[PDB]
Amino acid sequence: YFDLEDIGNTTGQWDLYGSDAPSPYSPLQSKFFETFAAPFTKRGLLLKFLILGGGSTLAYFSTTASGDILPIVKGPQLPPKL
Amino acid sequence: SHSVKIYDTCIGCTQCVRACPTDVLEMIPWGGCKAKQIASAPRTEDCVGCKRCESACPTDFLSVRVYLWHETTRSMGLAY
Amino acid sequence: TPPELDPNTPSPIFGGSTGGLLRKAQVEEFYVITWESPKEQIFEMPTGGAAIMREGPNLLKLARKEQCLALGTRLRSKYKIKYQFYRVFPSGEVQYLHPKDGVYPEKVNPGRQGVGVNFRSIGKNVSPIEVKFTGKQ
Amino acid sequence: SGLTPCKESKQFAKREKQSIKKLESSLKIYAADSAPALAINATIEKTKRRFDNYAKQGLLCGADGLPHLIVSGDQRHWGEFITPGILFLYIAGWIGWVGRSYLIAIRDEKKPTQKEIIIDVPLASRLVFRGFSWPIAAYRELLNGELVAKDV
Amino acid sequence: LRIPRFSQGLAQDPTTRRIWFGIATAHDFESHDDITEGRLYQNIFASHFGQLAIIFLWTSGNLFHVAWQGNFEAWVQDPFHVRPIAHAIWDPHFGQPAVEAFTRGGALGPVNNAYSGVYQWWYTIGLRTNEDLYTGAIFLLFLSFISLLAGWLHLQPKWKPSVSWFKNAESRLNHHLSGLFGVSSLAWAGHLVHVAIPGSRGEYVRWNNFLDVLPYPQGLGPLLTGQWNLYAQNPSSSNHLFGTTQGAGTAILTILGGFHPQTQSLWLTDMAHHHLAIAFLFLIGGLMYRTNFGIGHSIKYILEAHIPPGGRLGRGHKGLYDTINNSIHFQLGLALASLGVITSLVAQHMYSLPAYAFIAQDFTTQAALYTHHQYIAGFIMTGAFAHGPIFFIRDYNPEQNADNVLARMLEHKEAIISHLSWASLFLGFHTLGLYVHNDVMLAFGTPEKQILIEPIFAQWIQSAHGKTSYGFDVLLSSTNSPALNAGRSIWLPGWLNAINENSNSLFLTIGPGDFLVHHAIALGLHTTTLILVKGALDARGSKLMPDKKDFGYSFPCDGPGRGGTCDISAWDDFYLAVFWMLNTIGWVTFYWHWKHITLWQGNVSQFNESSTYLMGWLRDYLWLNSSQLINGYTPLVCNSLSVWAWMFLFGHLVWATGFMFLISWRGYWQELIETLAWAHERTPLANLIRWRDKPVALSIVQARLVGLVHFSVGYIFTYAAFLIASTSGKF
Amino acid sequence: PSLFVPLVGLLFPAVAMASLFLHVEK
Amino acid sequence: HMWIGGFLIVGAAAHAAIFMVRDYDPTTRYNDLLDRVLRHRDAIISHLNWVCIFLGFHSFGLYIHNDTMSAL
Amino acid sequence: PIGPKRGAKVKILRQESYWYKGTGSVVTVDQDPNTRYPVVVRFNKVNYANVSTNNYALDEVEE
Ligand code: CLA
Ligand code: CLA
Ligand code: CLA
Ligand code: CLA
Ligand code: CLA
Ligand code: CLA
Ligand SMILES: CC1=C(/C=C/C(C)=C/C=C/C(C)=C\C=C\C=C(C)\C=C\C=C(C)\C=C\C2=C(C)CCCC2(C)C)C(C)(C)CCC1
Ligand SMILES: CC1=C(C/C=C(\C)CCC[C@H](C)CCC[C@H](C)CCCC(C)C)C(=O)c2ccccc2C1=O
Ligand code: SF4
Ligand code: SF4
């Protein structure tokens, strides 16, 4: 009934489902976020920061009192033939 | 895409064409057999490689041979 | 032969399905098929079930090409109906395939060109050979 | 042959006694004169008999107390393999020769496969006994026991 | 454009198929784009240096951890009552009872008990300290580097060799025999007489004193003079303590035979003598073929001249030289075949003739090593039989091989295959027949009706070796013969002592149970060979598919036409044989392990009676030794065998997962994914994200592989978990 | 010491898997 | 009874599928119930596909959890 | 009129034929020189495709 070689888009599911909403905005509080979230918006630079943020994992394990790394002590079993 | 070939050992029974669901083959005027026809493979781009054509061939061993080569969406038979 | 071309035609009655086009159509390709019915009949429709055929030009859009032929080969049987389908593309364009020659591929026609015909006969193929090609040229 | 014959065996002899005591344990709950009674006692005599026979015929019996067969070809123990083996090949050939003789007779004329699924031809004219003398197929070998179509 | 760059046809695949196949074809150089014979040869040659680099790095790490986290020194001082340490354990997931149970071998933390036998090997050759182990690790790390340096060097144009250089076979044999085999064996005999033997006796001969310490009291003279018996006058005393200068002779070359009584290992003096002996044959042998000096042979001509007149081999081996040298698949299949054979020869001779000190008493290590190499030998054999077909399809020139021994195999292929079928059918019908029969009577409670064929032929071989068991009166155990007296003391008295040892594995006692299993293994060999050669001889084509030659080694199939053509490629025939190979080695390793764990417990009586019927195997071997294993972790406690209990279940899971890829096939999965592709598209908050590769079901051949990989991994890991734990638990 | 390295043996998969992903989609 | 009951249910799947191949004719015997079902068939399977993955994880996974926590 | 009789038995020489070294009866033999493969042949045994006949080239032996 409605196929138009002119517009190939409506013909296909090209249309954004009504879930799209191109409406206004949100409060001015954004002016704050835009200021402090800027260094993480660069990409690639952020890729690196997070990977080198893996330096946290090293720091957290080099220093860790309560993970089972001690026997605590025992007298070991010989044991099948010593 | 897939590579299909026809051989002069054909007898022009046209069953390979009727078997194809994508329309990869067709009949051709020729002087080699009594039917004076021969299979042709012009549209290999639409070939999916299912070998339905081979299972209709009556020649002692196939006159039409499908050689599965590079894969494409059409050959992969994808609808998405 | 001159391709007839398709402009606008009504679609057959159906009501919807989940086997229709999806994204591929938008960005790669989609195939449409046209056939004329002497009666508002009922046909199976692949990728779904039950659709009324309609009477008139009848235009349907599908994907994979094969879906169109399946319908077309069922359309030629059961009902004595002629049909034709094309590949739409995403930016207009007019590629018309099948019948093409205007006479069915199974029926021998006068000027087609062989394309990939080997006059050697099978079993007489060679063995490689590190050079380009496989020997079934 | 570290084995010492089933006669001077203490294990194989012990094994006999062990088996019959267990059988005897079972008849105690049925009361003689009853059915399950003989069946148990009939089983016991067969047990004694087979143990008795094995010691007679030789049979070496290992340390485990069970007879071990010797197939080296040793004349002392031919009955353990060669003589039954000769008997097998005889019947094995006989079957082979009769079966071959059948498919050959069928091939000329008729619908050959008809005779294969249905054989309302029994031993054909009289094909079975032909196997009584199969070994004479050695003489079929010097002529045409094999077809010359493929290789030699 | 994309990965794989070496395959443009693969790189343009819109689906997920490209990533998979890009990985599975990376080493198949001949199929790469614009491949040349030049590019082919020095890709392999460079890949060769890469493999060496890995081996040396891998061996460097072994020397490193044992020196860093392994006691070794504690092990040296009491090789009998201490457990070797592979490396330390560090796992955050470990609970306190775990860290507890795994703290062993006098280590400050949880470690793994090494079952590779590296301790016995390193100790026997003369490594006594951790410092020694480090220097080896550094040296191997350095050896690992110069391998990469050479790999990089010959990829450079000013150092790259010509293909012809690679095809000069006459000179590569002359060097590999004379140098690679001969000299390296000779050099090892030097380490033995300078370090291993004196290190064994008690002196520490190292780099800072090896120059000033005579390997023998008498000078190097006696060798050069001609009188070499002086190297065997004073051998080590029978009651000698290893690493102790007690009852230690002076001789550096002997033929004593038998075992060093304390260590239960072969004499070092015998080995220093062995390698020296074999070095020569290799050294002289590496001077057979012609190079640049005007003397030597031509391999081609020898192959040409070997034509038996009046048939029946035809042209003999003419043109066969060029068929092999121009085809590196033939060479590899020929290499794997030889390597695969001696790989088992290693396994068979290393449990019968322990080479290292205190390895014979480490029962878990002995079982592991044998089982290790038999599976390694197994897979290698399937590869030799795999590159075979590939040779036929890709490199075989029928005309250039007209009517020679190779071409005569294809023209009577139906004969070889059918008789392999017969031999397989024969063995299977009776071996299984004899087994089932035996189970019947034991069920019926009459084990005296069994068919227990005494392996009298093999027992005749044992008596022929020196075993005085049985009444056979054969060579080396008879009343009058040239054979035993040819002993002339030397090897015989020390060796005949070793054969009649009721403790060692040197020629165990065999019976009816050993008869049935040997036929089972014979069944396993024949059937596996039947599958593999049939794939090879029909690789170029059969009657169901005469042009299989035109499709390559690996293709999915040829369709459902002509009755159906599933698994018709030579690749699939390999893939089917891998199953049979695993079964065969499975029977071999079952048989080896059970007979030994019954011997080690001093109860061979249980094996001799339970091995004659199949219920015995499943119960007294499988069921019986699983108890300690499956209680590695209990709803009450947690043992050191918890790793193996978990891996045991792990192996089961991988194994059963392969079954999915082997039974269920593609068309079901592809249609399933197509519904999932529709879903993702029609789901809000997920529409924003799209895939860059089209989701598709795995290929027909890919699934057979993926399924076989799962099947094989679980196969190994399950038995590995059982072989170690069941043996380690009891010791 | 040995409690610093098995995690970089797990930082490495994160790095390797990320890099390879970029390589294969390019 | 569990096996007999199990087998018969599987047999229902067969003949239901046989009906679709051999006896389903919309021209003569339309139902409409059958339609739609065929119409949103890619939906039903896709959802049922998900439930199995959810169930499989939240069933077998718990055991693999317990097997791992007890071993450690 | 060409090489093979109408009732003569003939051995196949194709190598790719199901009946590669077998024998078969000939139906007839077309005489058009244009025809690459005449010499139709009947066989007692069918191939993997249930066909009993096939046309062959002039090169074959008789018997
Ligand atoms: C000297 C040893 C050697 C060498 C140099 C080669 C070399 C070659 N082989 Mg060969 N092969 C060998 C031994 C060898 N093989 C042996 C011993 C066997 C018996 C199994 C085979 C069986 C074999 C087959 C069936 C094929 C080859 C093929 C090839 C060619 C391409 C391989 C490729 O890149 O695909 C890529 C390889 C991979 C991507 C390997 C990854 C998959 C495996 C399963 C990984 C290991 C298992 C798993 C990951 C373990 C993880 C468990 C975990 C839980 C711990 C190449 C010439 C192929 C060929 O010739 O092309 C026609 C071919 O199809 N080989
Ligand atoms: C889910 C539970 C779980 C997890 C996450 C782990 C994790 C680990 N275990 Mg524990 N373990 C467990 C359960 C678990 N285990 C249980 C139930 C037991 C029995 C009680 C044990 C007993 C145990 C022992 C005895 C040991 C460990 C060790 C280890 C560590 C391995 C060291 C390493 O990473 O090197 C590198 C990682 C590998 C080599 C894995 C590679 C295998 C992959 C799959 C194949 C190769 C991939 C291929 C190259 C593809 C490339 C892709 C890639 C580049 C992205 C690791 C932290 C070891 C350790 O502490 O380290 C010092 C150790 O010795 N475990
Ligand atoms: C003296 C001269 C010499 C020497 C020493 C070598 C040595 C070598 N060559 Mg070279 N080559 C030479 C001359 C020489 N070649 C000449 C003149 C040419 C042609 C003009 C070539 C052309 C050539 C090519 C094309 C290649 C080589 C390769 C190799 C390496 C083989 C792979 C390997 O390491 O395993 C060595 C094996 C051993 C040392 C032992 C032999 C195997 C036995 C059966 C093992 C059992 C021993 C013992 C019982 C077990 C002990 C185990 C215990 C220690 C744990 C090896 C380093 C290959 C390579 O690049 O390396 C990866 C290869 O691609 N060579
Ligand atoms: C083809 C089948 C076959 C195969 C592959 C094997 C393979 C093997 N056998 Mg078995 N063997 C067989 C049949 C076979 N045997 C038969 C039918 C018997 C008599 C029951 C034996 C009795 C036997 C004994 C006592 C021993 C072996 C042993 C062995 C191993 C060492 C090699 C050897 O001596 O055997 C030699 C095989 C032959 C000499 C026969 C070759 C195959 C012939 C052609 C089968 C047909 C012969 C026919 C039945 C003779 C008629 C008998 C009579 C009427 C004349 C090896 C695994 C030894 C072993 O290691 O034990 C663990 C061992 O001591 N075999
Ligand atoms: C034991 C082997 C095995 C396993 C694990 C599965 C698993 C599955 N099958 Mg399969 N199947 C098998 C054998 C197996 N099958 C065999 C032998 C056959 C022949 C009949 C089939 C036939 C079959 C059919 C016809 C279908 C399935 C389907 C499914 C899936 C159902 C959905 C699900 O539960 O997801 C959850 C996954 C699991 C429960 C597996 C374990 C998950 C682990 C414990 C958690 C992840 C571990 C960890 C995070 C990994 C990270 C480690 C890192 C180093 C990689 C599931 C993947 C169906 C399907 O496609 O989905 C609906 C389906 O249609 N199977
Ligand atoms: C449904 C439950 C189930 C399933 C599916 C399995 C499956 C498996 N088990 Mg397991 N097992 C189970 C329960 C189960 N088991 C239970 C409850 C226990 C109690 C402990 C065990 C104890 C166990 C052990 C100790 C072992 C397995 C192994 C295996 C794997 C062997 C793979 C194979 O096919 O090789 C081939 C099959 C065989 C070799 C058959 C062996 C069994 C026969 C009776 C032994 C006789 C061999 C004989 C010499 C050959 C006969 C000759 C012939 C001519 C007649 C397979 C994964 C083994 C493994 O890791 O794989 C090698 C392993 O060793 N299981
Ligand atoms: C003596 C003896 C022995 C040995 C044996 C042997 C070792 C032998 C052999 C053998 C051989 C090595 C043989 C061979 C051969 C061959 C051939 C070549 C064949 C053939 C055949 C045929 C042809 C048949 C036919 C037929 C008949 C006649 C019957 C029926 C069937 C048919 C019909 C199938 C032992 C000691 C073991 C035991 C004791 C005794
Ligand atoms: C489950 C299944 C699928 C579906 C399998 C798929 C879609 C594979 C995808 C696996 C996902 C991506 C997880 C696998 C993770 C692996 C551990 C991969 C690790 C990464 C590298 C080591 C390669 C098939 O396509 C198939 C085809 C033919 C016969 C049987 C089957 C079959 O059984
Ligand atoms: S394989 Fe399929 S698509 Fe290709 S020619 Fe044959 S029938 Fe047509
Ligand atoms: S099936 Fe064979 S003979 Fe028939 S038209 Fe096709 S190619 Fe020609």
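Residues numbered from 1 in each chain as written, not as in the entry; some residues may be left out. Chains lettered and ligands numbered in written order. Part of a larger assembly, values for the part shown. Heavy atoms only, no water. Residues with missing side-chain atoms left out of burial classes, pairs and counts.

As recorded in the PDB header, X-ray crystallography is the method behind this entry, and the stated resolution is 3.000 Å.

Attention now goes to the site of ligand 9. Close to ligand 9 lie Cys20, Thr22, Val24, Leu25, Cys47, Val48, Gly49, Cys50, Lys51, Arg52, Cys53 and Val66 of chain B, which account for all nearby residues. Taken together, the residues of the shell around ligand 9 sort by class into eight nonpolar, two polar and two charged. (Near = heavy atom within 4 Å. Nonpolar A, V, L, I, M, F, W, Y, C, P; charged D, E, K, R; others polar.)

Counting residues at the interface gives 40 residues for chain B and 35 residues for chain C. Carbon and sulfur atoms supply 57% of the area buried between chain B and chain C, which totals about 3,000 Å² over both sides. On the surface where chain B and chain C come into contact, there are four salt bridges. A salt bridge links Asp46 of chain B to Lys65 of chain C; the shortest N-O distance between them is 2.6 Å. Seen at the junction of chain B and chain C, the total is 13 residue pairs in polar contact. When residues of the side of chain B that touches chain C are traced back to their parent elements, those giving at least two are strand 1 (3–7), helix 1 (15–19), strand 2 (26–29), strand 3 (37–40), strand 4 (64–67) and helix 2 (73–76) of chain B. As judged from the two bridges shared by strand 1 of chain B and strand 7 (residues 117–118) of chain C, these two strands associate in the parallel manner. What sits directly across from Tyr7 of chain B, in strand 7 of chain C, is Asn118 of chain C. (Contact = heavy atoms within 4.5 Å. Buried area = accessible area lost by both parts, 1.4 Å probe. Salt bridge = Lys/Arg side-chain N within 4 Å of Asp/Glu carboxyl O. Polar contact = N/O pair within 3.5 Å; in protein donor to acceptor, adjacent residues only side chain to side chain. Helix = DSSP H or I, 4+ residues; strand = E, 2+ residues; numbered from the N terminus. Pairing = 2+ DSSP bridges.)

Turning next to the sheet that holds strand 3 (residues 41–42) of chain H. Residue and element names in this part refer to chain H. Ordered in space as 4-3-2-1-5, the five strands form an open sheet in which the pairing is antiparallel. With one partner strand each, in any of the chains shown, strand 4 (53–54) and strand 5 (61–62) form the two edges of the open sheet. In terms of strand pairing, strand 1 (residues 9–11) meets strand 2 (residues 23–26) through three bridges, oriented antiparallel. When the bridges of strand 2 are listed, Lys11 appears paired with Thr23.

Here the focus is the state of the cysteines. Residue and element names in this part refer to chain D. For the structure on display, the rule yields one disulfide over all chains. Between the sulfur atoms of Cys6 and its disulfide partner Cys61 the distance amounts to 2.0 Å. An S-S torsion of about 85° defines the bridge between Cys6 and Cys61 as right-handed. Remark: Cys61 occurs in the loop between helix 2 (35–56) and helix 3 (82–107) and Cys6 occurs in the segment before helix 1 (11–27); sequence separation between them is 55 residues. (Disulfide = S-S within 2.5 Å.)

All names here are of chain B. When the UniProt feature table is mapped onto this chain numbering, "binding site: [4Fe-4S] cluster 1" sits at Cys10, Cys13, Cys16 and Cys57. On the basis of their most widely separated C-alpha atoms, the annotated residues across 48 residues gather in one place, lying no more than 10.6 Å apart. Inspection of the secondary structure puts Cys13 in the loop between strand 1 and helix 1. Given a relative accessible area of 28%, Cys13 falls into the partly exposed group. Look past the residues within four positions of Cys13 in its chain and what remains in contact with it is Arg18 and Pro58. (UniProt positions renumbered as here; feature names shortened; annotations may be inferred. Buried < 20%, exposed > 50% of the residue type's maximum accessible area, 1.4 Å probe, protein only.)

Much of the literature gives interface size as the accessible area that the parts lose upon coming together. Contact with chain F, which involves five residues of that partner, is made by five residues of chain A. Across the chain F/chain A interface, buried area totals approximately 560 Å², and carbon plus sulfur atoms make up 82% of it. Counting the contacts that link chain F with chain A gives zero salt bridges. When grouped by side-chain class, the residues that make up the side of chain F that touches chain A number five nonpolar, no polar and no charged.

All names here are of chain D. Close to ligand 7 lie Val71, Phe81, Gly93, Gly96, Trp97, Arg100 and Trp134, which account for all nearby residues. For ligand 7, whose free accessible area comes to 950 Å², the fraction covered by protein is 24%. Looking at side-chain class alone, the shell around ligand 7 contains four nonpolar, two polar and one charged residues. (Areas by Shrake-Rupley, 256 points an atom, 1.4 Å probe, with all protein chains shown as cover.)

In total, this model carries 74 aromatic pairs over all chains according to the counting rule given. Between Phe32 of chain A and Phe36 of chain A, the ring centres sit 4.7 Å apart and the planes meet at 45°, which makes this aromatic pair tilted. One end of the pair, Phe32 of chain A, and the other, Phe36 of chain A, are both in helix 2 (residues 30–36), four residues apart, so they sit about a helical turn from each other. On the basis of relative accessibility, which here comes to 46%, the residue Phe32 of chain A falls in the partly exposed class. Classification of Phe36 of chain A as exposed rests on a relative accessible area of 55%. Considering the side-chain rings of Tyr41 of chain E and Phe166 of chain E, the 5.2 Å spacing of their centres and the 35° angle between planes classify their relative orientation as tilted. (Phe/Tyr/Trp six-rings, centres within 6.5 Å; stacked < 30°, edge-to-face > 60°.)

Before going further, it helps to spend a moment on the pairing of strand 4 of chain B. All names here are of chain B. Burial along strand 4 is two-sided: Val64 and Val66 and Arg65 and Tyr67, pointing in opposite directions, are all buried. Of the strand pairs in this sheet, strand 1 and strand 4 are connected by four bridges, and their pairing is antiparallel. The residue of strand 4 that forms the bridge with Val4 is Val66.

By the element assignment, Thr11 of chain A lies in helix 1 (residues 8–11). One polar contact links the side chain of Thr11 of chain A to the main-chain carbonyl oxygen of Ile7 of chain A, over a distance of 2.7 Å. Filtering out sequence-adjacent residues up to four positions away, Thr11 of chain A remains in contact with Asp3 and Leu4 of chain A together with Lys61 of chain C.

Once that is clear, we can look at the sheet that holds strand 5 (residues 83–87) of chain C. Residue and element names in this part refer to chain C. Strand order across the open sheet formed by four strands is 4-1-5-6, with antiparallel pairing between neighbours. The sheet is open, and its two edges are formed by strand 4 (59–62) and strand 6 (95–97), each paired on a single side. The average angle at which neighbouring strand axes cross in this sheet is 30°, direction not considered. Direction of pairing for strand 5 relative to strand 6: antiparallel, over a ladder of three bridges. Of the residues in strand 6, the one forming a bridge with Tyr86 is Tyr96. Most of the contacts of helix 2 (residues 66–76) go to strand 1 (residues 31–35), to which it runs at about 15°, and overall it touches strand 1, strand 4 and strand 5. (Axes fitted to C-alpha atoms, helices over the stretch in contact; angles between N-to-C directions.)

This part is about the pattern of salt bridges. Scanning the entire structure with this criterion turns up 41 salt bridges over all chains. For the salt bridge of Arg74 of chain B with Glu29 of chain C, the shortest nitrogen-to-oxygen distance reads 2.5 Å. Note that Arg74 of chain B is positioned in helix 2 and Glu29 of chain C in the loop between helix 1 (24–27) and strand 1, a pairing that runs across two chains. The exposure class of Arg74 of chain B is partly exposed, given its relative accessible area of 28%.

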